[PDB]
> 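The following block contains the structure, expressed as structure tokens.
When reading the values below, keep in mind they use all heavy atoms of this one structure, side chains included, and skip hydrogens, waters and symmetry mates. A, B, ... follow the sequence lines: proteins, then strands. Residue 1 opens every chain.
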Amino acid sequence: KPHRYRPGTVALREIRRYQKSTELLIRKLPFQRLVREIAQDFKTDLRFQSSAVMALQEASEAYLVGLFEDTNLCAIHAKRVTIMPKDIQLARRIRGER
Amino acid sequence: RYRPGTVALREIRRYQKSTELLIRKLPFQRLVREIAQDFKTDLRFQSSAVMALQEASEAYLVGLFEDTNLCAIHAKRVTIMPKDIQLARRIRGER
Amino acid sequence: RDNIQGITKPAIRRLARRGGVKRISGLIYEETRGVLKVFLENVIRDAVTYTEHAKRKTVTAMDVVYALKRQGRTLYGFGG
Amino acid sequence: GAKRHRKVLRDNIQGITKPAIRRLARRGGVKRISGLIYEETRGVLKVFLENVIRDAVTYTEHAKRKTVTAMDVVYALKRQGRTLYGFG
Amino acid sequence: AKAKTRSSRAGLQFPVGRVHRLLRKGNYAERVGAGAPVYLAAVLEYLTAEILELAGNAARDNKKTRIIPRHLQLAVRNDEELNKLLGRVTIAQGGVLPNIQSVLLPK
Amino acid sequence: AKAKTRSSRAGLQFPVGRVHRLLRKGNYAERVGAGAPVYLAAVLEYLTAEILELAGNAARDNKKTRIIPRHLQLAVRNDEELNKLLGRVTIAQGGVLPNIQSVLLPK
Amino acid sequence: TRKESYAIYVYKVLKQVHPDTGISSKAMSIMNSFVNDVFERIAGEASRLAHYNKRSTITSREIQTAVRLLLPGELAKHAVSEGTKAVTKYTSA
Amino acid sequence: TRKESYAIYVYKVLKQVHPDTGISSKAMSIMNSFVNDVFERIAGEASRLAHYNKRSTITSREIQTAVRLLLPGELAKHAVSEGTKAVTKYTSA
Amino acid sequence: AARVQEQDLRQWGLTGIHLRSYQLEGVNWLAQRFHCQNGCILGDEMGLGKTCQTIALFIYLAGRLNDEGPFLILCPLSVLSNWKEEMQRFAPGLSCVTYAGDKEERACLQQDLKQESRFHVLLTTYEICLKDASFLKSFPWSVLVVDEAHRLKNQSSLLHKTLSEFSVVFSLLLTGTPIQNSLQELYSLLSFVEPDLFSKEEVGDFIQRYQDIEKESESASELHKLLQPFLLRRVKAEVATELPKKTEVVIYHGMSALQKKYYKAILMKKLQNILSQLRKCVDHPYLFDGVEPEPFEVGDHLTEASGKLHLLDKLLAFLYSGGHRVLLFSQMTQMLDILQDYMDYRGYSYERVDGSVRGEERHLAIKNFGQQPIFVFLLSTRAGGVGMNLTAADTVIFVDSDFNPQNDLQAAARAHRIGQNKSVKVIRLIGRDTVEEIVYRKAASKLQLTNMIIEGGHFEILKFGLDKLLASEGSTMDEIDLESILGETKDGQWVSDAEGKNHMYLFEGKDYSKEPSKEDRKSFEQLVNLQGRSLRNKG
DNA sequence: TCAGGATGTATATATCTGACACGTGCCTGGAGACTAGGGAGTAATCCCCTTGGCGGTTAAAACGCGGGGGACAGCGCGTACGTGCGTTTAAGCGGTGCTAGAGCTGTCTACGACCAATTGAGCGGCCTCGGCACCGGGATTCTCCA
DNA sequence: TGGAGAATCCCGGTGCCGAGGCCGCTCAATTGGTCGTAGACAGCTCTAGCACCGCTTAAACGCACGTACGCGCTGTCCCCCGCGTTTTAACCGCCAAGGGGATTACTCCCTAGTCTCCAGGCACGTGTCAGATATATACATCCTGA
Ligand SMILES: Nc1ncnc2c1ncn2[C@@H]1O[C@H](COP(=O)(O)OP(=O)(O)O)[C@@H](O)[C@H]1O
Ligand code: BEF
């Protein structure tokens with residue numbers, strides 16, 4: 001029988017790997033397309049510098065990482081290890097964003 | 001005799017209809033002066049300064065208790081506990 | 001001289017009731033006293049700094065209002 | 001067989017794929033992830049981006065420009081209490 | 001000639017001369033245009049009118065003929081956009097909105 | 001009289017004259033004292049030296065000799081007061097601190 | 001000494017809105033604080049908008065942009081409408 | 001056209017602190033942003049401090065009070081000592 | 001030096017083809033250039049057999065002065081099979097290794113570095129030579145051949161800088177097109193050839209010294225003398241006679257109802273880039289996503305949605321009836337998908353090499369191009385017109401009319417080739433009173449800049465304002481052209497044998513116009529501009 | 001499940017009472033008229049950088065499958081918190097008294113703005129070499145089924 | 001109940017591009033005077049903050065009881081993770097065009113600054129009605145028993 005890892009080992013390995021690095025974790029092109037689609041709803045025929053989209057991506061990724069940290073604390077508070085949409089909602093409620 | 005939890009709900013409704021301050025004036029003023037003695041000796045306070053401090057403190061505590069209640073309900077409870085206060089204050093960014 | 005104990009247990013219960021809390025643990029009172037002490041220390045430090053800058057010996061309501069505004073908690077109804 | 005149009009139906013918000021959200025959660029320290037987290041995260045990201053981009057486009061239109069610069073994004077982020085260092 | 005305040009020309013009730021003086025004395029810019037005070041006074045008057053509309057409605061709901069801080073608090077915290085505008089503002093003697101969680105009610 | 005800079009008179013490596021010009025052009029007040037730019041430049045130099053010393057320690061701990069944004073992020077977030085000063089600040093290409101909760105580690 | 005406030009103007013607006021409703025002194029001081037707070041917010045945003053674009057004059061365009069930046073949603077549209085209406089009526093006279 | 005920054009002064013301070021360490025360009029831009037951010041924080045705090053007391057001059061007292069309001073703990077104390085030392089040395093010379 | 005006869009190549013390994021006089025002259029020229037300098041540019045016209053000349057050069061310097069070292073050939077992916085086939089067809093004495101595949105087979109070929117002359121010629125492509133430059137930087141190559149060398153036009157190219165730092169003794173470039181589309185591009189070619197003589201710093205000198213545009217024999221002869229020992233051009237007219245002649249015939253077409261609607265809409269109201277949307281609208285509206293009635297079936301509604309497609313269907317019916325095999329070139333791949341669906345509807349035997357197809361499907365497609373009696377040849381200009389031998393067809397039809405004319409010229413030359421037997425009839429489909437006409441005229445103006453120098457030293461806009469006829473917002477469909485379509489195309493026995501309403505011939509004749517009616521644009525854009533106590537809670 | 005009782009709470013009338021709304025005098029800040037200068041609108045030029053597409057590789061994303069471990073429901077227990085009562089304490093209210101300090105006024109004087117001439121510090125441009133990134137290889141580590 | 005296997009770390013080599021030092025120039029900081037006004041200082045007033053006393057009563061405190069809720073345990077089941085295979089689109093190299101950002105020169109009109117004048121708004125005084133409080137009173141609601 002082939003070699004298999006128990007559920008949760010590769011998750012810890014990925015946690016360490018991604019907390020040790022600093023690169024962006026979202027693909028560039030899909031994020032840029034999403035940014036342009038969102039911006040179409042405010043002014044048509046807009047142009048973006050590349051550094052503008054880079055700044056937007058850095059800010060978005062930092063925001064999501066911090067939100068996931070708060071979500072993980074809220075999930076641990078309920079004696080769970082799986083994060084769920086209610087944990088995200090509670091974190092955003094306590095932050096004052098809802 | 002009323003069953004446990006009825007007087008609590010009546011108190012909740014009563015204190016959510018009212019607007020007065022819930023902490024007594026003299027103990028709060030003494031606490032303020034004690035805290036201020038660690039920064040400059042022989043200070044004076046206008047009465048409105050202590051009133052503003054009390055209003056701000058009570059608003060802060062009521063909001064914190066609302067967040068604590070949300071965190072307690074999240075864990076399938078109705079009793080608020082110190083860990084709920086700690087979670088609420090950490091998520092708010094104060095810890 | 002232990003004036004933090006003047007924030008009595010019934011007062012904390014009334015604050016919790018206004019916050020909507022239905023049932024309270026017995027260790028909440030010391031936690032709340034510590035939290036209130038920290039909050040008051042920050043605000044009073046800022047207010048006393050404002051008072052000392054103006055070379056006064058009396059903390060006014062505007063010093064408290066400016067301290068609260070500096071900490072991101074604007075207060076309406078006390079002038080300014 | 002309809003080879004002239006069989007690709008354009010991806011709904012750009014779906015370009016934020018499930019592996020990317022899992023990578024973000026891993027950097028956030030999350031060990032196990034529910035299956036409904038991905039749509040919730042996409043909605044949260046969309047709201048955040050709408051706010052920031054609305055502010056940035058307002059700043060751009062004030063200057064009577066047609067190109068959104070990096071300084072507009074930095075101003076829009078500082079506008080919301082999220083200061084970003086490293087983009088001038 | 002006969003004097004005539006700028007508020008009357010603009011058709012406003014908030015003062016345009018006082019807003020102009022505050023803008024000049026606040027160290028906001030080197031110069032202040034002629035239409036800046038009019039625009040700012042109109043915006044301030046509109047916001048005041050919105051708050052007072054909602055607060056008067058709240059006072060009339062309670063069979064009162066005078067507005068107290070409780071009515072201002074109810075007006076602000078019931079309206080969503082005024083609640084966003086004043087999300088980090090404390091109103092003295094205002095109280096809170098009556099709201100009990102669904103799980104705390106008996107069932 | 002050979003020109004001597006104000007930074008050398010104060011004993012600083014930050015530009016006192018440039019800080020004075022920035023204070024005069026920022027509409028901060030009508031007029032600016034003589035010792036304000038010196039005091040401000042000293043404070044800015046102190047804060048720069050603090051972060052640079054912490055980031056240099058962090059970079060040397062990684063067997064590197066050039067400071068990159070990751071080292072600045074580690075220096076800021078590992079310090080208890082610089083983290084309060086820069087609490088609401090995002091550092092580009094900085095990453096996060098390595099931290100896993102105890103309940104997620106295996107028994 | 002004389003201390004100025006917005007009490008009389010708030011009262012005029014109130015009489016326009018509710019012709020038979022009064023207001024207490026604490027509520028009036030709250031409204032005065034509200035007007036001052038909103039004034040400072042708008043003026044500061046306009047100031048830094050003018051500084052961003054290397055201008056040295058605060059005009060009604062900068063006030064309009066600040067109003068759009070600060071007020072949320074449907075509040076911004078009506079506020080911009082009232083400001084534009086006032087400036088148009090003012091410059092026609 | 002040109003573009004001024006704090007790069008050379010940051011580099012001089014770095015060579016005082018770590019004589020053998022270098023710095024990349026992204027880190028230098030981050031440090032420039034940090035210096036600008038702290039400058040504008042302190043300047044705005046001193047500006048409104050002068051406005052509160054009905055003064056028209058920003059002096060070293062306002063800068064000192066702004067430093068004590070904005071910096072936490074030991075950072076405020078050491079920054080105050082450094083600034084006071086600099087002003088004392090500048091005045092005597 | 002010493003002249004090379006045909007028997008020397010016969011004995012030295014070249015056994016496939018009997019060379020020609022100009023081919024032998026080119027081989028001797030290449031030999032003497034190799035003996036005296038570092039690099040040259042074999043710039044014969046398309047379809048004259050440069051590959052045979054390079055293989056003959058390999059045979060020569062592999063059996064005369066025993067230069068047995070490795071040879072590197074760089075070519076586009078579509079001509080890799082052609083190089084591989086001709087290498088063993090004409091020179092089976094040299095072992096040729098096709099260095100291609102995914103990463104794994106290329107690694108397994110990395111392992112064959114036993115360095116025992118197991119390969120004489122290494123054959124690869126640009127992309128592979130740029131991905132595995134490190135492995136391809138550790139060989140002492142004698143000859144470096146860059147086929148279709150007009151890819152090095154830009155000097156800041158990564159391929160230019162990568163290939164410049166190679167251990168090559170002799171760099172040979174192959175380019176059929178007139179390279180001088182601009183002086184800087186020709187100078188980039190020259191700087192790649194002779195980096196020491198033509199330094200990259202003399203770019204300004206090269207442009208300034210040769211700003212001449214008339215005959216100016218005093219400087220035309222100077223530049224000719226400068227390019228005498230580096231370039232070698234031979235044209236079919238002077239060298240390769242007795243071939244069937246090609247006759248380019250440009251055919252005009254109108255619009256459709258929704259075509260005019262969207263043309264005007266884009267001209268008035270993503271729309272950040274205007275030119276691309278205008279050209280898309282002229283080609284076919286259905287390639288806009290929002291205009292389709294979403295039918296997931298083939299039908300007859302395709303022909304009427306575009307005047308270009310209508311005229312194309314008329315031409316295709318006529319050509320299939322007359323027994324003519326046809327090449328079909330286009331710029332955008334979406335339009336090629338539309339054509340493929342239309343061909344599937346009308347039951348036409350078609351083959352498609354497009355670029356981004358695969359490496360081997362192109363080889364299979366080229367085999368089927370000539371094996372089966374297949375009728376339609378779907379092609380992309382950039383990835384289909386770069387060296388494939390498609391002599392089976394005898395009609396080239398352009399539906400694109402791209403920006404620069406070299407691409408279209410070489411795409412047309414894909415059918416006018418050594419080994420052609422019938423005549424070639426080049427057809428263009430450009431819309432009347434359209435931005436396509438302006439692109440065509442701008443291309444034509446760019447083209448006759450290199451004709452001047454060859455013959456001398458070698459031998460308001462986006463309108464096109466006749467929108468008044470485009471303001472009728474109708475069809476303007478053509479049916480009278482059916483009886484003249486035999487008049488423009490006189491087909492004999494399997495050959496095409498020997499400026500009115502919708503047709504124009506091309507015999508080095510010019511066409512010009514001055515965009516009369518911009519008033520339509522101004523008027524319809526004026527039409528475009530023609531198209532207290534608020535208390536939001538109360539009203 | 002309904003009956004009924006005890007508790008709490010909403011409802012109607014009467015009576016103060018003090019705070020809000022109105023009227024008056026004046027004074028200071030806003031309005032009108034004029035002048036001077038520089039900030040900004042405007043036209044023109046240029047070239048950088050943005051957009052749209054094709055071509056081709058290849059790493060990541062997507063799909064499916066199998067299983068185990070975590071979420072969730074149910075149950076029991078025992079403890080800690082709510083409720084009510086009687087006792088105690090200290091907060092609140094009023095009244096008086098004293099003085100420290102905030103606030104205003106008038107008078108200089110030293111300090112910061114403004115301007116003109118000058119020169120060195122800092123910025124842009126240009127090599128250039130060493131720190132870091134990639135790479136292959138060997139070794140140790142940690143996990144998982146015994 | 002140790003060994004097999006996959007992952008990661010340490011070591012050596014190469015190469016390459018960006019951080020660092022040099023250099024020329026230009027513009028902004030420095031120096032030297034001159035003015036005018038902001039602020040420092042002294043003095044006088046008057047108010048409001050602190051301190052104390054005495055009494056009332058409302059609220060805090062302590063105690064007892066009982067109950068319901070937090071918490072631990074167990075069992076099920078399904079859903080999320082790990083892994084192998086396919087396929088798809090991200091990414092980078094490259095080609096075109098052209099729009100718009102950035103600069104410069106010019107001029108003109110809009111705002112600052114000054115003086116004069118006068119009416120709006122602020123401080124002050126006064127009356128009267130909206131609301132708070134008290135008392136009876138009906139009605140809703142919670143809880144226990146048949
Ligand atoms: N001597 C020859 N006889 C016949 N055909 C030839 C000869 N030399 C070359 N060719 C033809 O040239 C074609 C490939 O040559 P190619 O390099 O494509 O020519 P060109 O460079 O003119 O396009 C082959 O089909 C081959 O038949
Ligand atoms: F120029 Be040949 F068709 F390769």
Side-chain angles (χ1 to χ4, degrees), chain A residues 2-11 13 27-30 47-49 80-82, chain B residues 1-8 10 24-27 44-47 77-79, chain C residues 8-10 23-26 56-58, chain D residues 17-19 32-35 65-67, chain E residues 1 3-6 17-18 21 31-34 64-66, chain F residues 1 3-6 17-18 21 31-34 64-66, chain G residues 1-2 4 8 22-25 55-57, chain H residues 1-4 8 22-25 55-57, chain I residues 77 102-103 127 130-131 151 154 157-159 272-273 275-276 331-333 355-356 380 382-383 403-404:
Chain A
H3 177 78
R4 193 162 212 127
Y5 279 111
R6 291 171 58 87
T9 309
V10 187
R13 213 148 66 217
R27 299 286 153 255
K28 299 291 180 68
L29 268 181
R47 304 194 152 199
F48 284 83
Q49 304 189 344
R80 283 186 274 110
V81 303
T82 306
Chain B
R1 175 177 279 270
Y2 285 113
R3 294 178 65 88
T6 300
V7 188
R10 298 192 315 201
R24 296 291 184 269
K25 299 291 180 68
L26 268 178
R44 303 198 148 198
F45 281 88
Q46 299 192 347
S47 58
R77 277 190 273 111
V78 303
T79 302
Chain C
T8 48
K9 161 178 154 141
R23 187 179 162 99
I24 312 174
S25 172
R56 281 188 263 106
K57 293 182 183 293
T58 290
Chain D
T17 48
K18 162 194 171 158
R32 187 159 147 126
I33 309 169
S34 178
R65 290 189 271 98
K66 293 182 183 293
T67 295
Chain E
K4 185 177 180 180
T5 62
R6 282 188 276 170
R18 183 183 293 191
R21 178 179 45 82
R31 302 133 54 76
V32 174
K64 298 293 183 182
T65 61
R66 286 217 285 269
Chain F
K4 166 175 270 202
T5 63
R6 286 190 274 172
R18 175 180 294 186
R21 174 176 57 85
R31 63 182 293 165
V32 169
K64 304 215 164 303
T65 187
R66 274 213 302 259
Chain G
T1 192
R2 295 172 179 223
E4 58 197 14
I8 49 162
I23 189 166
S24 64
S25 87
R55 299 292 179 90
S56 66
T57 307
Chain H
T1 187
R2 61 178 62 188
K3 186 81 167 179
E4 65 183 1
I8 68 168
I23 191 166
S24 69
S25 66
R55 298 305 191 71
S56 46
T57 308
Chain I
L77 178 51
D102 76 1
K103 224 153 167 163
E127 307 90 23
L130 213 55
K131 290 250 162 205
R151 193 193 179 284
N154 183 23
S157 291
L158 179 50
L159 182 75
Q272 291 186 18
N273 181 314
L275 185 60
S276 45
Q331 292 297 112
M332 293 141 306
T333 60
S356 77
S380 184
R382 185 178 296 113
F403 286 152
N404 68 326

> Who does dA116(J) pair with, Watson-Crick or G-U, both distances under 3.5 Å?
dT31(K)
> If you take atom types as modelled and just measure distance, does the side chain of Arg1(B) reach the base of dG84(J) with a donor-acceptor pair under 3.5 Å?
no
> Where the side chain of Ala383(I) is defined as all heavy atoms beyond and including C-beta, which of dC143(K), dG39(K), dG55(J) is the nearest nucleotide?
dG55(J)
> Please tell me if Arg66(E) has a side-chain N or O lying less than 4.0 Å from either OP1 or OP2 of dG131(K).
no
> Starting the side chain at C-beta, find the nucleotide from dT8(K), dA38(K), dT31(K) nearest to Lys4(F).
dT31(K)
> So, does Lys103(I) get its side chain near the phosphate of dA59(J), meaning an N or O under 4.0 Å from OP1 or OP2?
yes
> Base, backbone or nothing for each nucleotide of nucleotides 91-106 of chain J, written B, S, -, heavy atoms under 4.0 angstrom, 5' to 3'?
SS-------SSS-S--
> Using a cut-off of strictly less than 4.0 Å, decide whether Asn404(I) has a side-chain nitrogen or oxygen near OP1 or OP2 of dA96(K).
yes
> Hey, does the side chain of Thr5(F) come within less than 4.0 Å of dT30(K)'s phosphate (OP1/OP2), counting only N and O?
no
> Just verifying a value: how many Å separate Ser24(G) OG and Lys64(E) NZ, rounded to the nearest 0.5 Å?
12.0 Å
> Examine the side chains of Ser56(H) and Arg31(F) and answer whether a donor and an acceptor come within less than 3.5 Å of each other.
no
> Is any side-chain nitrogen or oxygen of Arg18(F) closer than 4.0 Å to OP1 or OP2 of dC123(J)?
yes
> Quick test: give all pairs of protein nitrogen or oxygen and nucleotides 68-70 of chain J nitrogen or oxygen below 3.5 Å, distance rounded to 0.1 Å.
from	atom 1	to	atom 2	distance (Å)
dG69(J)	OP1	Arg6(A)	NH1	3.3
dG69(J)	OP1	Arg6(A)	NH2	3.2

> Nearest to the side chain of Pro10(C), which nucleotide is it out of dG93(K), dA21(J), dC61(K)?
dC61(K)
> Are the side chain of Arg56(C) and the backbone N or O of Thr58(C) linked by a donor-acceptor pair below 3.5 Å?
yes
> Side chain of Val10(A) only, please: which of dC83(K), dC27(J), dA38(K) is the nearest?
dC83(K)
> Of the listed nucleotides (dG41(J), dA40(K), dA112(K)), which one gets closest to any side-chain atom of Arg31(E)?
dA112(K)
> Do the side chain of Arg24(B) and the main chain of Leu26(B) share a donor and acceptor less than 3.5 angstrom apart?
no
> Out of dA68(K), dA112(K), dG52(J), which has the shortest distance to the side chain of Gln272(I)?
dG52(J)
> The criterion is side chain to side chain donor-acceptor pair (under 3.5 Å); which residues satisfy it with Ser276(I), sequence neighbours excluded?
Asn273(I)
> Can you tell me the pairing partner of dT1(K) across any strand shown, Watson-Crick or G-U wobble, with both distances under 3.5 angstrom?
none
> Taking only side-chain nitrogens and oxygens of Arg21(E), does any of them come within less than 4.0 Å of OP1 or OP2 of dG30(J)?
yes
> Measure from the side-chain heavy atoms of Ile24(C) and tell me the nearest of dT30(K), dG82(J), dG131(J).
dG82(J)
> Counting only side-chain N and O atoms of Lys131(I), is one of them less than 4.0 Å from OP1 or OP2 of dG93(K)?
no
